[PDB]
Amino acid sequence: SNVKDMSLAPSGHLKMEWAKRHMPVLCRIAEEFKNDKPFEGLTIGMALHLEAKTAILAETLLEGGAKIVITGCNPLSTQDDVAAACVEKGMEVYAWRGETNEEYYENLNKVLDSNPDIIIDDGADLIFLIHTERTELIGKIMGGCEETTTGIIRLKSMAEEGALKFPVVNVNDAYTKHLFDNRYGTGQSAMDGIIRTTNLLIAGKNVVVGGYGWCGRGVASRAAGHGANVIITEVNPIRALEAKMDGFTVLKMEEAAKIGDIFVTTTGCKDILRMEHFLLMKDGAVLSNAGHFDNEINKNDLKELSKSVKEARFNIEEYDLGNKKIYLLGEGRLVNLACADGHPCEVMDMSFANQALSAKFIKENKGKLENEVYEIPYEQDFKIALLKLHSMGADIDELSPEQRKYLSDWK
């Protein structure tokens, strides 16, 4: 087991203590998993953003009988104290903050070295690595679960070509996931990363958000909530029109780059900000990324234009272009996880609840599932949404029998 500093373990345990007390839906699932022990004898290899709430998810599976081998899905998002606390919990952990690309793929491989039965992934890199380099593990793998939009794109494009070799559950596209995780979760946590790292006033700034899907909406909403003038970029006209009618300025990036004070890319696509955009930017512009991979902002292009790169502050790099400066947060990686604590607890409670139950779904269908992407059933979303609603002290009306009849027969 390979972690940064085992002496950091107490601080991580405390953070797990705090998180466990604020994830009620997962806490209930855990008690049911403590009995019925669904994962006894199985190995679950996990590649997630290793902080307190992931550690609780891993703990939920461990107490359910599973052996847990886990690594980080991002070189910068791991929290060393939490990882050390995970080893004290009895987990095989290969993760630290700041690992090289070379080291990143070493830790992924070591997780696969444990011969897992279930794969839990965030971005499909663990799943990808199996199909390309480690085909010798496909036999034992019962199935997987994928957390994020970008991972689903790859998995679906794999499945489309017929390259997918074991079932994978689409956890991202569940109603209680992408509607809350991607929107309200990154809405708060991305602004958290920016505010905590920069100590800059959001109000009165031009905040340029690339893309207006679920993540864009969230960031636009919370940035607008803090008094920003929000500008939206898109390639989808239906979604740009939403942004316009939500009160935002819609521009081609070649234009938004001229006036933006803070940039947040949320597209899942590469090269949102490249050479031509950097040359248009104002002195002092601050750059950040909330989409999975670090290639939305072209760092090689930015290094190419620069005469030097200095530390401007913790998690802020200064690129002196000679005539102006541009700041990059968290090396252009997930600004909410590279520069903050990730999504708030109550939102990750729902996402990891779907994750937990999806692993149980994989187990119970050991050999009966197709080599396809499976969608999460609506009742699971209904159950989780209702539990979360109640924990916040709200409730729902219920249709009377007469009302159900009016809505189903046409009289």
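Residue numbers here begin at 1 and follow the sequence given.
- Of the two segments, 240 to 248 and 171 to 179, the one listed with the higher mean B-factor is 171 to 179 (C-alpha atoms only).
- The PDB entry records a higher mean C-alpha B factor for 159 to 167 than for its counterpart among 159 to 167 and 335 to 343.
- The PDB entry assigns the greatest CA B-factor among 14, 387, 394, 399 to 14.
- Which of 102, 261, 192, 276 has the largest Cα B-factor in the deposited entry comes down to 102.
- In the PDB entry, a CA B factor belonging to the highest third of its chain's modelled residues is recorded for residue 32.
- Per the PDB record, residue ranking by Cα B-factor puts residue 382 in the lowest third of the chain.
- Residue 211: CA B factor in the lowest third of modelled residues in this chain (values from the PDB entry).
- When the modelled residues of the chain are ordered by their C-alpha B factor, residue 89 lands in the highest third.
- Ranked by C-alpha B-factor against the other modelled residues of its chain, residue 150 falls in the lowest third.
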